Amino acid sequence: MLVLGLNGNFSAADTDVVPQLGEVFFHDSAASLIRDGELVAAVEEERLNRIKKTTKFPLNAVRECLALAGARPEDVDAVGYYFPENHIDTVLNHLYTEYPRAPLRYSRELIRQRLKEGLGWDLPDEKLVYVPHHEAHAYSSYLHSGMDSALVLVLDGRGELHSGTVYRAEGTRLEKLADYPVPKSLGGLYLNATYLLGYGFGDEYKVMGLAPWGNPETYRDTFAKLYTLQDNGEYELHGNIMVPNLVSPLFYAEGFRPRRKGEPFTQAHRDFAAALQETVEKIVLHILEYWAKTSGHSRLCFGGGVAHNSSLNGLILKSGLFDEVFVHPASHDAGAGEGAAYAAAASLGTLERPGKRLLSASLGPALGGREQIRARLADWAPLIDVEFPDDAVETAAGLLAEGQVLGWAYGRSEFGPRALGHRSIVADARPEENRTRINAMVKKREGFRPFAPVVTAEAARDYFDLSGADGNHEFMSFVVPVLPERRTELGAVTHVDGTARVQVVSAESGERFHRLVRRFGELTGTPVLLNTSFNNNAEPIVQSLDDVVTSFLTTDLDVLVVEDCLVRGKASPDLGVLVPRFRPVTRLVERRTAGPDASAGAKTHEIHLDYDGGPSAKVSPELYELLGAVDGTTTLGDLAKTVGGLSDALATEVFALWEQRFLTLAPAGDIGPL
């Protein structure tokens, strides 16, 4: 029994179903493969097309999933989609009324077109199953819990009719208990408030991280105007008819001005975040307290995008409402896609289920075999120096104790937003200066941002306060207090309020990552490491070996440990041996506006990526003429000939374009099949 789990929109690699399709119209595209109830493969399309939280159809991810499972498309019994058919089709239909050129292709046609043109797979109509959205979330969250009965809570932006559903799960049966309509959405509330801090969709956990720096008292009475707790677990949010945003009109009237990009985070900003955080905590806990005592369950599964609010999860844990809590590593809409497969397998036959609580998120493609990895690292030889230690884990521990910041890339990539020892960046967790530098030099982001620790399972309760319910900590789902006599020891990973979004790694969770953390602690006294996602500010988590090295070279990381190979930057790297390649979304433009006295303006030259919210950059005329000659095979050095050779001026410009990922730079060839 082999079932595919789908979610996302239906856009091709180089265009969107409608021009400039908005970034929130079916986001976080992914594919999941379940076999005999076990999740054997899952990857988000963002990892393969390098567009954070992409809406494009997860074609690549279906191809990679089938590969990991050793299956051909003809082997797939059923395909599940994470939304009912009428609903996605009504929203497609709306987009078409706004774009009269766009042909009327609805989701069934478009799914079948993409699979057949992209994989040579005529999918039979009888094998395509559409699924209620919060039902898909529920299966995902609950089946992987290792629990045979639980209260299941789903909160996200919105399914087809509800912003929240409450379920009773017993064995493999889900039974709806309650639902909350769309205009009461808490993910809608959080995203609306996020826009006031100069952020956008995808940034909600940055706002979460800012919250502890603020005082929730300043704006408590203001947020109080926007919601009302009612009897028997109910609540309302209070809308307006001015703008499609629940928060900004009231705050404007009270003198709050939205932050601008580039501007610092004032104390009123920090307090806004703090009150918003408190608001959602008050509502969800109000919900949960009710349905805890009403349904009689002592175990909770929390899912939906809101369950990535690890601060909220830490409060649920410490509330005494439950004895166990479980959160899926992908509780946002990629997880809903996985659950759509369970639900599809349920409607065509009986539901085979996992036999154990999900402990590892390490479910995407791998980096490659030993010999193809050595072969590809030889292709980067003009740019990198490679050592091959006897015991790479032992070496890396030593380098981490010496204050090196390491890139760490092993095995299959993590499903979901957190990195957990397979696409990580790690450093000594003890020096407070490691927070300030890794924020400013490495990940190149805001100074208030916290960093998450990983601790061995054996030493966890030596450092953190895991008391209360038993939560799963293999995926940094819970914010947890650092024990007060440890907060100075752990300067980098102890947040401003003495909490940390902790990861407890074990031999069973991640044998190798646990070996590294164990040895570091043998060497230093402190079995705890800083562990942040391996990606710069312009890309999702690195996936392939070429992704890893590109990110290593364009980030200020000291050394890279990839599959037992020690990689370091060469002194004088040779950029010219790299082969430029346009992304399907790369565009080159020469533009002239109007000028003085109705003249033509002076030429300018930009490179930009053709999706909603994609970056832009001015380029020099020499670089513009170079990039126009890109054939995907000529190296950068021979391309530069046509503009008088790769000057140092040109290399630096290319390099900065490379950092922002406007086009692929990587040696000739590729690593090959895996």
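Only the largest set of C-alpha atoms that superpose within 1.5 Å between the two forms is called the rigid core. Note that residue numbering begins at 1 and tracks the sequence as displayed.
Stretch 436-444 is the one, of 103-111 and 436-444, whose CA positions lie farther from the shown form in 6 other deposited structures of this protein once all structures are superposed by the rigid core. With 602-610 and 41-49 as candidates, the stretch whose CA atoms show the greater average offset from this form in 6 other deposited structures of this protein after a core fit is 602-610. Comparing the deposited coordinates for 155-163 and 117-125, the stretch with the larger average C-alpha B-factor is 117-125. Two stretches are in play, 345-353 and 517-525, and the higher mean C-alpha B-factor belongs to 345-353.
For the set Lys225, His422, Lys282, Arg461, the PDB entry puts the maximum C-alpha B factor at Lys225. Reading the B-factor column for the CA atoms of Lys261, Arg583, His286, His308 in the entry, the top value corresponds to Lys261. Among the modelled residues of its chain, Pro58 has a C-alpha B-factor that falls in the lowest third, as given in the PDB entry.
Ranked by C-alpha B-factor against the other modelled residues of its chain, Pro100 falls in the highest third. When all modelled residues of the chain are sorted by CA temperature factor, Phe478 is found within the lowest third. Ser319: CA B factor lies in the middle third for its chain, per the PDB record. The PDB entry assigns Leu186 a C-alpha temperature factor belonging to the lowest third of its chain's modelled residues.
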